[PDB]
Every structure is written in structure tokens, then in C-alpha cells.
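Peer 1: Mind folding the following:
(7 chains)
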Amino acid sequence: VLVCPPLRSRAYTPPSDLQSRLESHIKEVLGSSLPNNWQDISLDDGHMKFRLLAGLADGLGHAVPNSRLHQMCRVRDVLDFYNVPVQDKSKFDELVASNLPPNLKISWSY
Amino acid sequence: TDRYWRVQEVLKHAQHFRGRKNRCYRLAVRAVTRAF
Amino acid sequence: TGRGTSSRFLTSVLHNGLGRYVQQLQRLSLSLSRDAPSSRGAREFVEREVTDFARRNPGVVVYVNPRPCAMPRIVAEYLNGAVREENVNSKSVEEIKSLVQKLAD
Amino acid sequence: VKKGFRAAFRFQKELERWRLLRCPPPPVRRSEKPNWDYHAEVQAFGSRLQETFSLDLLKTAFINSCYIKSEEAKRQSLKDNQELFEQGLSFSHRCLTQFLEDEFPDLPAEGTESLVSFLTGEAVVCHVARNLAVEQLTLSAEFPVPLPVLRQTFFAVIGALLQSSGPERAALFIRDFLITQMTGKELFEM
Amino acid sequence: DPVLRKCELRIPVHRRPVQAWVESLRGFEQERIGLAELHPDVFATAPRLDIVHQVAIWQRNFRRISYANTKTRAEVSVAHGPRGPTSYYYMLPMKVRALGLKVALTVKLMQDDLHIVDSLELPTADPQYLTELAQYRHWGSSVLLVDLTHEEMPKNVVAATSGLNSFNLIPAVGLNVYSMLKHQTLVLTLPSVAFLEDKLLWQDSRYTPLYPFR
Amino acid sequence: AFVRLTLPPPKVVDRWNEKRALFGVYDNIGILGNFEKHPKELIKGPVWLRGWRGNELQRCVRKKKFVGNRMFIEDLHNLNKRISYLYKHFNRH
RNA sequence: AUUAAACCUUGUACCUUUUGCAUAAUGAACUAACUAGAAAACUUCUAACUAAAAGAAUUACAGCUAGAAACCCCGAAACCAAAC
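Peer 2: Numbers count the residues shown, from 1 in each chain, chains lettered A, B, ... in the order given. Sharing the structure here:
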């Protein structure tokens, strides 16, 4: 009765309306609704951090790495962490879509 | 396990020699160095 | 060694430079491996310098075939029929770039 | 018995080298052999010459009557280069004669014919084409390409070049590549 | 209800605690159920890989015994050939060995190769479920499962891990650098982390042992 | 010399077999077991060199003492003669 | 070198050993395999910990623990015991 879900891609692209989704999650926080020093709000609270990060990851689709977890002391890097894109395209894939000249031939034998 | 190739290295330069010198590694090596 | 080695006289392929200079090299073939220490320098070369060479010299056909391979190798074919193969086993990016430029000349 | 797999593999390469020397493989055209792209080679061929060619016309010039028969024979189990061939040969005769006359107006017409015939000889055309890799780019049903078929393509390409680049560029091409062959050639030799 | 764990020992004031995502194997999507704290002096040690290199050599070469032998001229009815059974056993300092294990833990965590789990219990013993879950969670080809004690390890996990060549299950006392390096990713239970920390953190002070602890 | 005209049979090695995969497990018995059992106690081999190492003369001497009562007369005499030659070289030269 | 295999031009076999010299003297018909440097007491270097160090026996007013680092081959005349 246990069926494995399909593997999900590791590529995450920042939403165009990142602030709108971001402030929506900040509103999800208990009464914050973009308060004073919103970017400087401390995340040291375990329960608040879990709720905020968990909700953001599900909606935005990007999750804080365990190794990078402790750097997420305040919001400022949370917004920065989500706004930096992540691409699953391989180097060969990027090279393929790089206006290859007519005399250059690439074949993937793997 | 590559001693044959070592002999071949001397032989390639000694193929044009005449007599037992061209086929004896003891003599072929000496001639090759002298030629160089 | 000269007595045991051949020699020739000065000559040109077909008087290449009388009207216009023609590049002898016509085709380049490259074999690479996804995971191989020997190909690390070649791996980076494809990332950075392969495109620049192709733009600089668009008249040479370049074949790049990443494949499971023990030793990466480069094969160069010339118009007159000369074909030369160079092993790229454990060679740096700078070494590779210089070699290709020498082959073209 | 000497142990190891590397040593045994090394001897196999030694055997192959001896086998290659003893029994050289039969010649085959690069077209049949792998890692051949006709379109890429033609583009590289045109770029290398620094000349503009109409890809459709150039392919027709390379196409030969013999090549079509093989495809038709395979089909049983496409445009010839004759039209282009005539233009290049006919134009070359006038252009080649023009070169001789300008330098040597005193030289008789009969002499120019001998010079033109030698410069347009099958061996002379074949030598230039083979050294130019044209044989690999030639389309034919037989390898090595027969000389008369090879000669047809050479002038056929000239006809295509005339349309693509005009007579002026072709004349420079003829001077740069064909008139060069007369260097060191004495009058009675030709 | 998030599962929140704190270090039992006093964390240094100048060092902030290390944290990681607590996971469960009950379901495919039960990747995150709580957040746990890790002692910086254990999971945030300096990356001294030479100690790990030395430990690997010690591990392989302390058990090494060579049985090669050859007879000398006096023993013939090799001038410098092997002579009888030879041993290469040697002992590294206790403090260094403990440090090497600590360094390995940091490498896996910093490299996102360590997965902290509340318990190893599985809904089914089918090996297919375990492998598929590893694929879902992007685990490595080889996954190492560690439990506090061998006797109490769940029956369901034993059947799956026993039948999997690349997924190996070991007890906490059996943990070693070689297995961690050999296995792409490490799965550690919450009690095991506490068990490991105590011994590693206990190493503080010397009070040199006047006699073996056996 | 002349070399094989055929390749040796292919060998396939499993790097994740139980022996290789589980090699070294419990090597931390001392630290993870409260030091009740020293890792030297995990050495398997000849009795006279379990938890001990030395040069060949020391190894041979220790072997003689450990199983001298169980050693064959021919073996014991041969070992004594070999030790005599070894003793002079190490202790006089 | 050469158009050209030989001609013209240049050049006193090898190892060892004698003086750092052989026109001395030793050894070599050739082919294939086999055929000769081996130890850690202390030091330097690489690290662990530090008035302490070492998983018992050791050393210490910066020491202590671990690791790495080394010293050939063949050949007598003889001498003795026990059999034949």
C-alpha cells in the first residue's frame, strides 16, 4: 500500500512576485504582518522557525540545507536564500544551449 | 614485464647495423650510443 | 642517426600562401569521460576555452564525445591526408590549449 | 606462464601493430567511415576557401551520374553535375586562354591551346582536387573516385561558384589555385 | 508537534549550537518532523582530514597479517624473500582516534550526507520500500543505518537491510570511520547521537588510567 | 623471453560484499564499549602474536615459548639451529 | 652525408682494474630465465595532548604519545662429531 512519490527536481527559481509570497508567509507568522524591523526578526525560536521555514519551503519549494541552517539567524538571509536561483541544468545542457558554432559537434555517449 | 620493449628500443636504432652487432643486445646498445 | 633516418627537401603542399593562406587542419575529434582524473584538465577546457577556439577558427570541424573512456584522446586530420592523435591523459587546461594552437599552426 | 593482464594486453597491441603492417586494410572513403558529416564539411569547406557557395548548387556539382546509379540501384532493390560541369569547363577555357594571351600576346593560338589543355588535363585537375580533399567531398559510387568523374565535379564546382560569387571571385580562385601550378614549368614542358 | 532536541551537555558560550532536520522512515514524505540541536564541539570540529586518513590506514593495517614465506639456502634441501608470518599491528593515540570519528561526523553533516532520524522503524520490511524512499529523499547509492544497540533493533529493518548489499545496518558500538567513508550517506538515530556525544565529550580531562579498564 | 598469446580470464570483484562492506566494524569497541575490551583483543592470528608485535627473532622466540611444549622435536631442533645463526648476527654484528 | 648500398671525410671495442693512462692485464660463442643492503637506542621531520603525556610497568621545571626515516651476494685451504 506504500507507493513512492515521483522524484522532484532540485531546481528552484525565485518567484517573480517573491516579496508578495514572502510577505504572505510573514503574515502567516503570528501577527507580524510586515512589522517594524521585519527583515531583522530573529528566528532563534525553534517553533517559529519550524513553522515559518516549513511553510515557506512547501509554497516556495526551496528548503534550507541542514549545513546552512545555523546561518539562518534572522530573516534577511531567508529572503536572500530564496531569491538566489538554483538550476538543475547540467554543464553539458547549458553548453548545448549556448549558441554552438556550426563547426562544433557534441555527442553524449553516456 | 616490459623488458622486451626495452630491447626493442635499442633494436630500432640498431636495425641497420651489420653482423652479430645488430642482433646482440650487448653489442647493439654500445653501437647505438656511439652513433648518437 | 642521419644515415639511419630519412630526409626531404623544402616544399609546400600546393603553394598555399601564393594566393591565400589555407589551414591544413580540417577535423578535430575529442574523447572525454564524465568521471576520470586524467580528463580533469580536458573537462575544464570544454567549459571555458573550447568555445573561444571554435569562434576563432570556425573552419575546423570539432567533435566532442563524452563517453566512458580510460584515456582521453584528441585526433587531428589534415587536408593533405595527415592524421595525428594526441593523448590528453592527465594534462592541464593550459597544456591542452597550447597543444591545439600548435596543431592548428 | 607470466602472470598479469596488463602484460597480456600489451602483447595484443604488439600483435595488432604487426598485423597492420603485414596486411594493410583496403582503402575506404571517409564518407563511409564514422564521424563524417557532409553538411558540416561543406560549410567548413566553404569557410576554409573564404568563398561563398550556394549549398544547393554545390551539392549538385558534387553529385555525379555514377553516384545516382548506386542510389537508384539501392532504391530498386537528384540532379547531375553535367550542367554545372559544362559551365566551369567552358568558362575555364576562355579564362585560361585569357591569362595566356595577356602575358604572351605574341604566342600563337596553337600554343595557348596546348598550354590550356595541359592545365586542364585530367592528371592536373585530379592532383589539385585530391590535394584539396575534394575526393572526400566528391559523391560517387566507387572509391578511389574515377578521375573523369572527379574532373567533372571540379569544373562543376566552378560553375556553382560562378553563380554564388560571380566570375570575378572564380577568376581569382583560378589564378590563385590553378595558374600557380605553372610556376617552374618551362614552355616546351607544357 | 515538532520534535525538538537540545544538547544534554553544556554547549560553549562562544560557540552556537548546530542544528539539523529530524526525519522519520514511517512514510515516504515524512522527511521533516522536528528540528534537533547538535553540540558544536562534536558536529562543528575543524576539518582535519589527515586524521581521518590516518585512521583509515590504521583500521586496515592494524588487522593486517601476511603469511608469505620463502626458504633460504640453509633451508633448501630467496636471499631477501618473505620470512614467515608477519604482523603490522599498531595503535594510534586514543585522543586522535576519537577526534578522527568526530571529523567524519562533521564532513557528512556539512556535505549533506548525514540524515538524523527519530527511529529506524519501517512500515514494511520489503527492501523495495527502503530503496525507493532513499531515491525519493535523494540519498546516496549506499546508506548506512546505525542503531543504539543490536538487540533492540527493529525486526522490519533487519530483513530489509540484511538483504541489501549497498544498504548496511550496524549497531552504534560498531560505528567506524571506514564504513562512513565507504557509505555515501549516513543515517543516525536520535538516541545514537546522544550515545556518541557522551563518549566523545567524556574524553575531556585526562586523569590518566593507571590500569586497563577491562 | 616469450609472453602469453592469450588474455587471462576476467576477474570480477564485488566491493560491497559483506566482508568488504562490513570490514572494520567494532574497531571502536574500546571507546564505544567503555574500554572494557581493548581493540588489540580483536586480533585474530597466531597465538604468540595476538596483541603483540616484534622483529622476526622476537616473533620466533615468542613462538618457541608459546608452543614449545607442543612443538615437534624436528621442528624444535630446526628452530633452535636457525635461532643460533640469527642470534650471532643480531647480537654480535 | 649523399642522386646514389659501397668510394670522400671523421673516429685507437666493452666492463673491471690499475695513476684521474692503456697499443697494459683480467672476464665475455650467442639466446632465454634465474642471480647480490636486512635491524630504530637516539635524533630531525609529520601530527595528538600539554605541567602534563601514554588504553599498567615510561619519562617529565615542556615534556610526553604516535607515525615515517637503516646497515648485500658468491667462493677457500681448514677444524670437529657420528656412520660407512
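
Peer 1: Once you drop chain neighbours, what's closest to residue 15?
Peer 2: Answering for chain A, as no chain was given. residue A:21 (5.4 Å; CB to CB, 6 or more residues apart in numbering or on different chains). In short, each C-beta sits where N, CA and C put it, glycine included.

Peer 1: wrong one, I was asking about chain F
Peer 2: The shortest distance from residue F:15 to any residue other than its chain neighbours is 8.0 Å, reached at residue F:21 (CB to CB, 6+ apart).

Peer 1: And the one you found, how far from residue E:155?
Peer 2: Note on residue F:21: its distance to residue E:155, by CB to CB, to the nearest Å, is 21 Å.

Peer 1: Who has more neighbours out of these two?
Peer 2: Under the criterion of other CB atoms under 10 Å in any protein chain shown, the comparison of residue F:21 against residue E:155 puts residue F:21 first, with 20 against 9.

Peer 1: what sits against that one?
Peer 2: If a contact means CB atoms under 8 Å, 6 or more residues apart in numbering or on different chains, then residue F:21 has E:165, E:166, E:168, E:179, E:182, F:15 as its contacts.

Peer 1: Among these, name the buried ones.
Peer 2: Listed as buried from these are E:166, E:168, E:179, E:182; burial here means 16 or more other CB atoms under 10 Å in any protein chain shown.

Peer 1: Mind checking what secondary structure the second one has?
Peer 2: Using DSSP: H, G, I helix; E, B strand; the rest coil, the three-state assignment for residue E:168 comes out as strand.

Peer 1: Chain F versus that one, what's the distance?
Peer 2: Going from residue E:168 to chain F by CB to the nearest CB, to the nearest Å gives 5 Å.

Peer 1: Over to the last one?
Peer 2: For residue E:182, the distance to chain F under the criterion CB to the nearest CB works out to 7 Å.

Peer 1: So which bits of the longest helix along chain D are buried?
Peer 2: In chain D, with assignment by DSSP state H, the single longest helix is helix D:147-177. Along helix D:147-177, these residues count as buried under the neighbour rule (16+ other CB under 10 Å): D:149-162, D:164-165, D:169-171, D:173-174, D:177.

Peer 1: do the same with stretch E:184-203
Peer 2: Across stretch E:184-203, burial judged by 16+ other CB under 10 Å covers E:184-190, E:192-193, E:195-197, E:199-201.

Peer 1: For whatever residue of chain D ends up closest to RNA strand G, give me its contacts.
Peer 2: Each residue of chain D has a distance to RNA strand G, by CB to the nearest atom of the strand, and the smallest belongs to residue D:2, at 8.7 Å. Residue D:2 makes contact with B:1, F:1, F:3, F:4, according to CB under 8 Å, 6+ apart.

Peer 1: Next, find the distance separating the second one from residue B:4.
Peer 2: In this structure, residue F:1 and residue B:4 are 7 Å apart, going by CB to CB.

Peer 1: Between the two, which is the more surrounded one?
Peer 2: Each of residue F:1 and residue B:4 has its neighbours counted (other CB under 10 Å); residue B:4 has more, 16 against 7.

Peer 1: For the spatially most central residue of chain E, give me its contacts.
Peer 2: Within chain E, one residue has its C-alpha closest to the average C-alpha position: by CA atoms, centre = their mean, that is residue E:175, at 3.7 Å. Listed by CB under 8 Å, 6+ apart, the contact partners of residue E:175 are E:101, E:146, E:192, E:196, F:28, F:32.

Peer 1: how near is the nearest residue to the last one once chain neighbours are set aside to residue E:7?
Peer 2: What that stands for is residue F:32. Leaving aside its chain neighbours, residue F:32 sits nearest to residue E:173 (4.3 Å; criterion: CB to CB, 6+ apart). Distance from residue E:173 to residue E:7, counting by CB to CB: 22 Å.

Peer 1: swap in residue D:93?
Peer 2: Residue D:93 sits at a distance of 97 Å from residue E:7 (criterion: CB to CB).

Peer 1: distance of residue D:62 from chain F?
Peer 2: Here the criterion is CB to the nearest CB. By it, residue D:62 lies 46 Å from chain F.

Peer 1: Please enumerate the strands of chain F.
Peer 2: When secondary structure is read from DSSP state E, chain F shows no strands.

Peer 1: Kindly report the same for chain E.
Peer 2: Ranges of strands in chain E, per DSSP E, are E:3-5, E:18-23, E:34-38, E:65-66, E:86-87, E:114-117, E:143-147, E:167-171, E:185-189.

Peer 1: Put together JSON lines for these, with distance to residue E:160 on each row.
Peer 2: What follows is the strands of chain E, written out as JSON lines (distance: least, CB to CB, whole Å):
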{"stretch": "strand E:3-5", "distance to residue E:160": "24"}
{"stretch": "strand E:18-23", "distance to residue E:160": "17"}
{"stretch": "strand E:34-38", "distance to residue E:160": "24"}
{"stretch": "strand E:65-66", "distance to residue E:160": "35"}
{"stretch": "strand E:86-87", "distance to residue E:160": "39"}
{"stretch": "strand E:114-117", "distance to residue E:160": "14"}
{"stretch": "strand E:143-147", "distance to residue E:160": "9"}
{"stretch": "strand E:167-171", "distance to residue E:160": "7"}
{"stretch": "strand E:185-189", "distance to residue E:160": "12"}
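
Peer 1: What about the closest residue to chain D within chain E, how many residues nearby?
Peer 2: Taking CB to the nearest CB as the measure, chain E has residue E:68 as its residue closest to chain D, at 15.6 Å. Residues lying near residue E:68 (other CB under 10 Å) number 10.

Peer 1: measure residue F:37 to chain D for me?
Peer 2: If you measure residue F:37 against chain D using CB to the nearest CB, the figure is 41 Å.

Peer 1: That residue against residue F:27, yeah?
Peer 2: No: Residue F:37 is not in contact with residue F:27 according to CB atoms under 8 Å; the separation is 11.4 Å.

Peer 1: follow-up on the earlier one: go through the host helix or strand of the residue nearest to residue A:15 and flag the buried ones.
Peer 2: Assignment of secondary structure by DSSP states H and E places residue A:21 within helix A:18-28. In terms of neighbour count (16+ other CB under 10 Å), helix A:18-28 has its buried residues at A:21, A:22, A:25, A:26.

Peer 1: going on from that helix, what's the next piece of helix or strand?
Peer 2: In the C-terminal direction, the helix or strand that comes right after helix A:18-28 (DSSP H and E) is helix A:46-60.

Peer 1: Many thanks, I have nothing further to ask.
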